[PDB]
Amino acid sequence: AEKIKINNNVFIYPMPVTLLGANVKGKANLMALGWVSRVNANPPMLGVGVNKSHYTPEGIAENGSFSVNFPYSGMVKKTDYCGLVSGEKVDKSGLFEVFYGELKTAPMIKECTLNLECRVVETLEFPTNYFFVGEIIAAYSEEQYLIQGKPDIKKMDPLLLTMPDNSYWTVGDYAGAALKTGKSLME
């Protein structure tokens, strides 16, 4: 099969599905977020991609903090709703049970399986988006999501996202041991 040139506007296959929390004018906001990735190993840093058109960036700029929150699959609707409406027009502070942590100002979602509380280290600006690089200063889960002290993805049952087809997916079958199977081909 020959290689075909396609539209340059391609998204990652798949994206994760997260809820991004920020205080904006003292009130908790949440937006749906798929543009999240680790950036730095030590200290542990992630980055978050946010359109300049959204309400959320004002809050992240104000507070220098944000959270990354992982819903389970049964929260699909509330999650999607947070990616359909803006905090500019619609109060999203009441949709979830909100808790705060050490940074005081990054609102986190009680119902989410995992919450990463982040301190803005650097705000990167690109033509249509900010990418807020944050240090993970505290991480929260619950015992029922952990195996040997660490998050277990099957317990979490997180969502996945694909655009512009606009689909949600869940995690499928185990597919091998990472940093392991490749050793089979070594030396």
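From 1 onward, residues are counted along the sequence shown.
Higher mean CA B-factor, judged across 137 to 145 and 40 to 48 from the recorded values: 137 to 145. For the pair 20 to 28 and 6 to 14, the mean B factor over Cα atoms is greater in 20 to 28.
Per the deposited record, the Cα B-factor of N129 falls in the lowest third when ranked against the other modelled residues of its chain.
Annotation for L114: C-alpha temperature factor in the lowest third relative to the rest of the modelled chain, per the entry.
In the deposited entry, the Cα temperature factor of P151 places it in the highest third of its chain's modelled residues.
Per-chain ranking of the deposited C-alpha B factor places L160 in the lowest third. In this PDB entry, the Cα temperature factor of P71 sits in the bottom third of its chain's modelled residues, the lowest group.
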